[PDB]
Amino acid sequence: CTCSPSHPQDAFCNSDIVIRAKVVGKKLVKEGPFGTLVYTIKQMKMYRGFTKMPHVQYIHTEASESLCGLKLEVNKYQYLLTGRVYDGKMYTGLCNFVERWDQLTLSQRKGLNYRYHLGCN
C-alpha cells in the first residue's frame, strides 16, 4: 500500500468521521483471503460526522497492511482518527489521516480547532 500525504484541512473535510476516540477496548480479527480487522473504541469528542454516523463504536480496517490495513494499539494512548462511512460502518486505512493525540503538536491541534470554520460546507 502506498499513500501520498497531503493537506489535513483537506483530509478533514474529505472524511466522513473525525474523532479523538481511544482504543481502550481491543482488536478482533476475521476470516477471508487475508482477513479483516475490527477495533472497538470508546469515542470522545467528535469533530465531524455528527450527521452521517452520530457516535461511532466500531472501526473497521483491512488486516493486511499491504492492502492498506490500519495498525493501532490496545488499551493505549489516544488517537486522532478519520475514516469513512459505508453500509452503516466506519472504515479507516493506512492512507487516512491518523495520529497519536500525544504526537499532535500544539500547532496542529490549533489548526484542528480551526474546525470552527467547518470549511467543508
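One rule holds for the numbers: they count along the sequence shown, beginning at 1.
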Mean Cα B factor from the PDB record: higher for 93-101, or higher for 7-15?
7-15
Selected stretch [higher average CA B-factor]: 38-46 or 23-31
23-31
In terms of recorded Cα temperature factor, pick the maximum from 52, 84, 60, 71.
52
When the modelled residues of the chain are sorted by Cα temperature factor, does residue 66 land in the lowest, middle or highest third?
lowest
